[PDB]
>>> print(open('my_file-v9.txt').read())   # compact mmCIF, C-alpha atoms and all ligand atoms
# COMPACT_ATOMS: atom_id res chain seq x y z
CA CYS A 1 -6.51 -37.95 -1.43
CA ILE A 2 -6.94 -38.04 2.43
CA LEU A 3 -10.74 -38.13 1.92
CA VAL A 4 -10.50 -41.17 -0.44
CA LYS A 5 -8.60 -42.96 2.40
CA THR A 6 -11.34 -42.56 5.12
CA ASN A 7 -13.55 -45.29 6.72
CA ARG A 8 -16.91 -44.47 5.01
CA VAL A 9 -16.31 -42.35 1.88
CA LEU A 10 -15.48 -44.56 -1.11
CA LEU A 11 -18.41 -46.97 -0.79
CA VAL A 12 -21.18 -44.50 -1.66
CA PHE A 13 -19.68 -43.40 -4.98
CA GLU A 14 -18.85 -46.94 -6.12
CA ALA A 15 -21.34 -48.80 -8.33
CA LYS A 16 -23.09 -45.53 -9.21
CA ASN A 17 -9.60 -46.90 -10.31
CA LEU A 18 -12.56 -44.95 -8.94
CA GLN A 19 -10.37 -43.41 -6.21
CA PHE A 20 -8.39 -41.76 -8.97
CA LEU A 21 -11.64 -40.65 -10.65
CA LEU A 22 -12.74 -38.79 -7.45
CA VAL A 23 -9.25 -37.26 -6.97
CA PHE A 24 -9.71 -36.04 -10.56
CA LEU A 25 -13.21 -34.46 -10.27
CA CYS A 26 -12.58 -32.19 -7.20
CA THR A 27 -9.22 -31.02 -8.58
CA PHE A 28 -11.08 -30.28 -11.87
CA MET A 29 -13.65 -28.11 -10.04
CA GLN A 30 -10.66 -26.21 -8.54
CA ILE A 31 -8.91 -25.89 -11.97
CA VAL A 32 -12.05 -24.49 -13.69
CA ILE A 33 -12.74 -21.65 -11.18
CA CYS A 34 -9.15 -20.35 -11.36
CA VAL A 35 -9.22 -20.34 -15.22
CA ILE A 36 -12.55 -18.49 -15.28
CA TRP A 37 -11.15 -15.90 -12.77
CA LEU A 38 -7.98 -15.31 -14.78
CA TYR A 39 -9.89 -14.85 -18.05
CA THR A 40 -12.27 -12.25 -16.45
CA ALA A 41 -10.18 -10.10 -14.00
CA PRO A 42 -6.53 -11.27 -13.57
CA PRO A 43 -4.67 -10.21 -10.37
CA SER A 44 -1.59 -8.04 -11.19
CA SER A 45 1.01 -5.77 -9.58
CA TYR A 46 0.04 -2.29 -8.39
CA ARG A 47 2.11 0.68 -7.23
CA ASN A 48 0.81 2.45 -4.12
CA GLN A 49 1.86 6.04 -3.41
CA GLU A 50 -1.03 7.51 -1.35
CA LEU A 51 0.08 5.56 1.74
CA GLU A 52 3.49 7.24 2.17
CA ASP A 53 4.96 10.61 1.02
CA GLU A 54 8.60 9.35 1.01
CA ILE A 55 8.50 5.62 0.12
CA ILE A 56 6.36 3.50 -2.21
CA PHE A 57 5.33 -0.15 -1.82
CA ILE A 58 4.76 -2.81 -4.48
CA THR A 59 1.72 -4.97 -3.71
CA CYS A 60 -0.37 -7.47 -5.73
CA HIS A 61 -3.95 -6.31 -6.34
CA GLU A 62 -5.82 -9.64 -5.99
CA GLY A 63 -8.84 -8.67 -8.11
CA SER A 64 -12.26 -9.19 -6.49
CA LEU A 65 -11.80 -10.57 -2.93
CA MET A 66 -14.90 -12.61 -3.86
CA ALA A 67 -12.60 -14.92 -5.90
CA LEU A 68 -9.86 -15.33 -3.24
CA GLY A 69 -12.55 -16.19 -0.64
CA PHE A 70 -14.16 -18.75 -3.01
CA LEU A 71 -10.83 -20.58 -3.34
CA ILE A 72 -10.49 -20.82 0.48
CA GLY A 73 -14.25 -21.54 0.87
CA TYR A 74 -14.21 -24.50 -1.57
CA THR A 75 -11.07 -25.78 0.17
CA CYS A 76 -12.87 -25.60 3.59
CA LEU A 77 -16.08 -27.31 2.35
CA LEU A 78 -13.90 -30.36 1.47
CA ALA A 79 -11.97 -30.28 4.75
CA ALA A 80 -15.21 -30.10 6.74
CA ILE A 81 -16.68 -33.10 4.93
CA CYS A 82 -13.51 -35.10 5.60
CA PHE A 83 -13.48 -34.03 9.26
CA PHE A 84 -17.17 -34.99 9.74
CA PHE A 85 -16.83 -38.56 8.38
CA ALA A 86 -13.59 -39.16 10.33
CA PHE A 87 -15.26 -37.92 13.59
CA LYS A 88 -18.26 -40.25 13.11
CA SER A 89 -15.69 -43.14 13.00
CA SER B 1 18.00 43.41 0.39
CA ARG B 2 20.32 40.43 0.76
CA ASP B 3 19.92 37.76 -1.91
CA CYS B 4 17.87 34.67 -1.24
CA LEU B 5 19.95 31.51 -1.09
CA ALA B 6 19.18 28.20 -2.79
CA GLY B 7 16.15 26.51 -1.22
CA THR B 8 14.43 29.84 -0.46
CA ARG B 9 11.88 32.03 -2.22
CA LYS B 10 11.08 35.74 -2.58
CA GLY B 11 8.32 37.43 -0.60
CA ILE B 12 6.49 40.71 -0.99
CA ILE B 13 6.83 43.60 1.46
CA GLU B 14 3.65 45.69 1.18
CA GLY B 15 3.98 49.36 0.24
CA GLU B 16 7.59 49.01 -0.95
CA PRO B 17 9.27 48.78 -4.35
CA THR B 18 9.95 45.37 -5.89
CA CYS B 19 13.73 45.75 -5.29
CA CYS B 20 13.13 45.14 -1.56
CA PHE B 21 11.76 41.78 -0.42
CA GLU B 22 12.09 38.92 2.07
CA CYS B 23 13.20 35.29 1.84
CA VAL B 24 10.81 32.45 2.72
CA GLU B 25 11.60 28.74 2.84
CA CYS B 26 10.04 26.38 0.31
CA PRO B 27 7.46 23.75 1.35
CA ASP B 28 8.25 20.05 1.75
CA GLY B 29 6.98 18.83 -1.62
CA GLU B 30 8.97 21.41 -3.57
CA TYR B 31 12.55 22.59 -4.04
CA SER B 32 14.52 25.54 -5.38
CA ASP B 33 17.99 25.18 -6.90
CA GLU B 34 18.71 28.80 -7.87
CA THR B 35 19.37 32.19 -6.26
CA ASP B 36 16.71 34.91 -6.02
CA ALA B 37 13.91 32.59 -7.12
CA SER B 38 10.36 33.94 -7.32
CA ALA B 39 8.87 30.47 -6.80
CA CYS B 40 9.75 26.94 -5.72
CA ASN B 41 9.72 24.22 -8.38
CA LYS B 42 7.89 20.87 -7.89
CA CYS B 43 9.75 17.51 -7.92
CA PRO B 44 8.82 14.96 -10.61
CA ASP B 45 6.22 12.23 -10.12
CA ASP B 46 8.58 9.63 -8.61
CA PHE B 47 10.96 12.03 -6.83
CA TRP B 48 10.92 13.60 -3.36
CA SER B 49 12.87 16.62 -2.16
CA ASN B 50 15.69 16.21 0.34
CA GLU B 51 15.96 17.82 3.79
CA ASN B 52 17.31 21.08 2.42
CA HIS B 53 14.90 21.90 -0.39
CA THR B 54 17.60 22.19 -3.04
CA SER B 55 17.19 18.98 -5.07
CA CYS B 56 14.97 15.95 -5.64
CA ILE B 57 16.05 12.48 -4.50
CA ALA B 58 14.55 9.18 -5.61
CA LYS B 59 12.08 7.42 -3.34
CA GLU B 60 12.86 4.15 -1.57
CA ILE B 61 11.01 1.01 -2.66
CA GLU B 62 9.82 -1.23 0.17
CA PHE B 63 8.70 -4.81 -0.51
CA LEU B 64 8.97 -8.25 1.02
CA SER B 65 12.22 -9.82 -0.29
CA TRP B 66 14.64 -12.74 0.34
CA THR B 67 17.41 -10.64 2.02
CA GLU B 68 15.23 -9.32 4.91
CA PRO B 69 15.02 -10.69 8.51
CA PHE B 70 11.38 -11.80 7.88
CA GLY B 71 12.18 -13.36 4.46
CA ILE B 72 15.24 -15.50 5.41
CA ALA B 73 13.17 -17.10 8.24
CA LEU B 74 10.09 -18.08 6.13
CA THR B 75 12.24 -19.73 3.37
CA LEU B 76 14.16 -22.05 5.77
CA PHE B 77 10.80 -23.39 6.95
CA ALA B 78 9.69 -24.19 3.39
CA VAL B 79 12.96 -25.99 2.62
CA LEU B 80 12.66 -27.94 5.89
CA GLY B 81 9.15 -29.05 4.96
CA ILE B 82 10.30 -30.09 1.48
CA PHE B 83 13.16 -32.10 2.98
CA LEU B 84 10.86 -33.82 5.49
CA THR B 85 8.38 -34.80 2.78
CA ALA B 86 11.22 -36.10 0.61
CA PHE B 87 12.51 -38.16 3.53
CA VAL B 88 9.08 -39.71 4.13
CA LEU B 89 8.66 -40.52 0.44
CA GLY B 90 12.12 -42.07 0.29
CA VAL B 91 11.25 -44.30 3.31
CA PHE B 92 7.97 -45.65 1.79
CA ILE B 93 9.92 -46.31 -1.49
CA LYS B 94 12.88 -48.07 0.08
CA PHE B 95 10.55 -50.05 2.38
CA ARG B 96 8.05 -50.92 -0.35
CA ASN B 97 7.71 -54.59 0.63
CA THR B 98 6.85 -54.18 4.31
CA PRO B 99 3.28 -55.19 5.28
CA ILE B 100 2.51 -51.75 6.75
CA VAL B 101 3.02 -49.79 3.52
CA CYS C 1 -6.42 37.50 -4.99
CA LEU C 2 -9.13 35.41 -3.35
CA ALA C 3 -9.29 34.30 0.28
CA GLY C 4 -7.53 30.98 -0.33
CA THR C 5 -4.47 32.35 -2.12
CA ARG C 6 -1.46 34.64 -1.64
CA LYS C 7 0.37 37.06 -3.91
CA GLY C 8 3.28 36.24 -6.19
CA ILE C 9 6.12 38.23 -7.74
CA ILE C 10 6.46 38.80 -11.49
CA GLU C 11 10.06 39.50 -12.44
CA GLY C 12 10.69 42.84 -14.13
CA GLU C 13 7.28 44.31 -13.28
CA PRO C 14 6.20 46.88 -10.68
CA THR C 15 4.57 45.92 -7.40
CA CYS C 16 1.08 46.67 -8.73
CA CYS C 17 1.14 43.48 -10.85
CA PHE C 18 1.22 40.06 -9.22
CA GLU C 19 -0.07 36.47 -9.33
CA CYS C 20 -2.25 34.42 -6.99
CA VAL C 21 -0.68 31.28 -5.50
CA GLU C 22 -2.34 28.71 -3.24
CA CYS C 23 -1.41 28.41 0.41
CA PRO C 24 0.26 25.13 1.45
CA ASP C 25 -1.25 22.53 3.73
CA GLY C 26 -1.04 23.55 7.37
CA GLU C 27 -1.50 27.24 6.55
CA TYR C 28 -4.46 29.49 5.83
CA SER C 29 -5.50 32.97 4.73
CA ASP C 30 -8.80 34.84 5.07
CA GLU C 31 -8.01 38.22 3.49
CA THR C 32 -9.00 40.00 0.30
CA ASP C 33 -5.29 40.68 -0.25
CA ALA C 34 -2.50 38.82 1.50
CA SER C 35 1.28 39.13 1.32
CA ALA C 36 1.90 35.86 3.19
CA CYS C 37 0.05 32.71 4.19
CA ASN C 38 -0.39 32.81 7.97
CA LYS C 39 0.60 29.64 9.88
CA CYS C 40 -2.00 27.50 11.63
CA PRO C 41 -1.97 27.37 15.45
CA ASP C 42 -0.82 24.29 17.31
CA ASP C 43 -3.23 21.34 17.49
CA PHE C 44 -5.10 22.92 14.57
CA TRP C 45 -5.08 22.02 10.87
CA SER C 46 -6.08 23.97 7.78
CA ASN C 47 -9.34 23.32 5.97
CA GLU C 48 -9.51 21.88 2.46
CA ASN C 49 -9.84 25.34 0.88
CA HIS C 50 -7.33 26.89 3.34
CA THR C 51 -9.92 29.55 4.20
CA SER C 52 -9.69 29.01 7.97
CA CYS C 53 -8.11 26.63 10.46
CA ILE C 54 -10.01 23.87 12.27
CA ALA C 55 -9.17 21.72 15.27
CA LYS C 56 -7.63 18.25 14.83
CA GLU C 57 -9.28 14.91 15.81
CA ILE C 58 -8.61 12.51 18.76
CA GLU C 59 -8.22 8.80 17.86
CA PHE C 60 -8.75 6.11 20.50
CA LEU C 61 -10.84 3.00 21.16
CA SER C 62 -13.88 4.61 22.77
CA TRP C 63 -16.43 2.88 24.98
CA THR C 64 -19.33 4.25 22.91
CA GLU C 65 -17.78 3.10 19.63
CA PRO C 66 -19.72 0.30 17.89
CA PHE C 67 -16.71 -2.04 18.13
CA CA A 201 5.36 53.26 -0.74
CA CA A 202 11.77 45.87 -16.24
>>> encode(input="my_file-v9.txt", output="structure tokens")
Amino acid sequence: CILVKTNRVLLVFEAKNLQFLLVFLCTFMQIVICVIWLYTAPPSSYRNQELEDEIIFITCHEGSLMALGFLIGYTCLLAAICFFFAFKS
Amino acid sequence: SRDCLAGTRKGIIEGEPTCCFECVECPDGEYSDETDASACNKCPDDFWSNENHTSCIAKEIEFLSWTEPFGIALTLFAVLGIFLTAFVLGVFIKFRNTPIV
Amino acid sequence: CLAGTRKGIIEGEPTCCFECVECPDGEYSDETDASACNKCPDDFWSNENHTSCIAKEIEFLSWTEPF
């Protein structure tokens, strides 16, 4: 949403309610990756006992750290684009 | 020989009959709850022996929770952020007809 | 019994009959027959097979470390 309200961002996509269309597409690329991740290797709770001989901790195995990084990485690619256009103006 | 007490274990004296022995303490991951025990029993999978190796006591579960000094602090911040966002939204709504909005 | 184990007592049997039991961590034995598992000297820790003790390790941020 912040990106759609920047000085030189909306004009390029137009002539290719459009603001809403672009808020929709990026959110849809985020929705799809999470669904694919859940269907293949869902993160779940794990009991760890090798760390301590007296107490046990309950963690959340996150599945491949490749997926968690890809969420943050996609989020950054968007923030960097927004930051670049705002800096040029 | 004097009898071995609970939490101890029998030991061999070389060259002597089995009636005569010595008492040795059990290790940390085991316990003994009888008298004149030839071995120390092992605690179950989710149990750990107490200081005096006579019984098994349940382990303590450690996790991040609401009633912890670290937890109470983080929540307050989230509620404060929610309240601030609600206040901003209520201001744009009530002042819907100003030129700025 | 082997080098890594100690003797055990069978109830109601003479001393000539026994069982072999592993030594605990922090102790070792290196004998063909052993009545007890000998304790490991200070600043030393038992091997994986408990055959003989070895020295411990010093942990610190060294100058020659890659980090
Ligand atoms: Ca004799
Ligand atoms: Ca008998």
>>> atom_distance(input="my_file-v9.txt", atom1="CA of residue 19 in chain C", atom2="CA of residue 37 in chain B")
14.7 Å
>>> residues_around(input="my_file-v9.txt", residues="residue 29 in chain C", least_positions_apart="5", cutoff="8 Å", atoms="only C-alpha atoms", output="JSON, numbers by chain")
{"C": [3, 4, 5, 6, 23, 34, 37, 38, 50, 51, 52]}
>>> residues_around(input="my_file-v9.txt", residues="range 61-78 of chain A", least_positions_apart="4", cutoff="8 Å", atoms="only C-alpha atoms", output="list in words")
residues 30, 37, 41, 42, 43, 44, 45, 46 and 82 of chain A
>>> atom_distance(input="my_file-v9.txt", atom1="CA of residue 11 in chain C", atom2="CA of residue 30 in chain B")
20.2 Å
>>> residues_near_ligand(input="my_file-v9.txt", ligand="ligand CA 202 (chain A)", cutoff="12 Å", atoms="all atoms listed in the file", output="MDAnalysis selection string")
(chainID B and resid 18:19) or (chainID C and resid 10:15)
>>> closest_residue(input="my_file-v9.txt", among="A:48, A:13, A:4, A:38", to="chain B", atoms="all atoms listed in the file")
A:48
>>> build_atoms(input="my_file-v9.txt", residues="range 1-26 of chain A", atoms="N, CA and C atoms", output="compact mmCIF listing (two decimals), in the frame of the given file")
# COMPACT_ATOMS: atom_id res chain seq x y z
N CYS A 1 -7.12 -36.61 -1.63
CA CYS A 1 -6.51 -37.95 -1.43
C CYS A 1 -6.79 -38.46 -0.01
N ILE A 2 -6.70 -37.61 1.01
CA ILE A 2 -6.94 -38.04 2.43
C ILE A 2 -8.39 -38.50 2.53
N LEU A 3 -9.30 -37.79 1.86
CA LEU A 3 -10.74 -38.13 1.92
C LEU A 3 -10.95 -39.53 1.32
N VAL A 4 -10.27 -39.85 0.22
CA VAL A 4 -10.50 -41.17 -0.44
C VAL A 4 -10.04 -42.28 0.51
N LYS A 5 -9.07 -41.97 1.38
CA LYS A 5 -8.60 -42.96 2.40
C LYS A 5 -9.27 -42.67 3.76
N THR A 6 -10.60 -42.75 3.84
CA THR A 6 -11.34 -42.56 5.12
C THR A 6 -12.27 -43.77 5.28
N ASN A 7 -12.77 -44.04 6.49
CA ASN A 7 -13.55 -45.29 6.72
C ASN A 7 -14.84 -45.38 5.88
N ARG A 8 -15.63 -44.31 5.76
CA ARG A 8 -16.91 -44.47 5.01
C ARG A 8 -17.05 -43.35 3.98
N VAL A 9 -16.27 -43.39 2.90
CA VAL A 9 -16.31 -42.35 1.88
C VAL A 9 -16.37 -42.96 0.48
N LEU A 10 -15.58 -44.00 0.23
CA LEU A 10 -15.48 -44.56 -1.11
C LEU A 10 -16.72 -45.37 -1.48
N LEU A 11 -17.37 -45.98 -0.50
CA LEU A 11 -18.41 -46.97 -0.79
C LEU A 11 -19.61 -46.34 -1.49
N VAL A 12 -19.97 -45.11 -1.12
CA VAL A 12 -21.18 -44.50 -1.66
C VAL A 12 -21.03 -44.25 -3.16
N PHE A 13 -19.86 -43.76 -3.58
CA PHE A 13 -19.68 -43.40 -4.98
C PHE A 13 -19.56 -44.63 -5.87
N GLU A 14 -19.06 -45.74 -5.32
CA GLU A 14 -18.85 -46.94 -6.12
C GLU A 14 -20.18 -47.52 -6.57
N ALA A 15 -20.16 -48.17 -7.74
CA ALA A 15 -21.34 -48.80 -8.33
C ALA A 15 -22.47 -47.79 -8.54
N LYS A 16 -22.11 -46.58 -8.94
CA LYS A 16 -23.09 -45.53 -9.21
C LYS A 16 -23.72 -45.72 -10.58
N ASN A 17 -9.94 -48.06 -9.49
CA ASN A 17 -9.60 -46.90 -10.31
C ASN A 17 -10.59 -45.76 -10.08
N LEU A 18 -11.58 -45.99 -9.23
CA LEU A 18 -12.56 -44.95 -8.94
C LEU A 18 -11.98 -43.89 -8.02
N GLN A 19 -11.05 -44.33 -7.16
CA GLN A 19 -10.37 -43.41 -6.21
C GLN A 19 -9.73 -42.31 -7.05
N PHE A 20 -9.02 -42.75 -8.08
CA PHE A 20 -8.39 -41.76 -8.97
C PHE A 20 -9.49 -40.90 -9.60
N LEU A 21 -10.63 -41.48 -9.96
CA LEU A 21 -11.64 -40.65 -10.65
C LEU A 21 -12.07 -39.52 -9.71
N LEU A 22 -12.23 -39.82 -8.41
CA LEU A 22 -12.74 -38.79 -7.45
C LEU A 22 -11.63 -37.79 -7.12
N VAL A 23 -10.37 -38.22 -7.16
CA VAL A 23 -9.25 -37.26 -6.97
C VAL A 23 -9.26 -36.32 -8.18
N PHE A 24 -9.66 -36.86 -9.33
CA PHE A 24 -9.71 -36.04 -10.56
C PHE A 24 -10.84 -35.01 -10.48
N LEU A 25 -12.08 -35.41 -10.16
CA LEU A 25 -13.21 -34.46 -10.27
C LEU A 25 -13.07 -33.21 -9.38
N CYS A 26 -12.69 -33.36 -8.11
CA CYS A 26 -12.58 -32.19 -7.20
C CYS A 26 -11.48 -31.25 -7.69
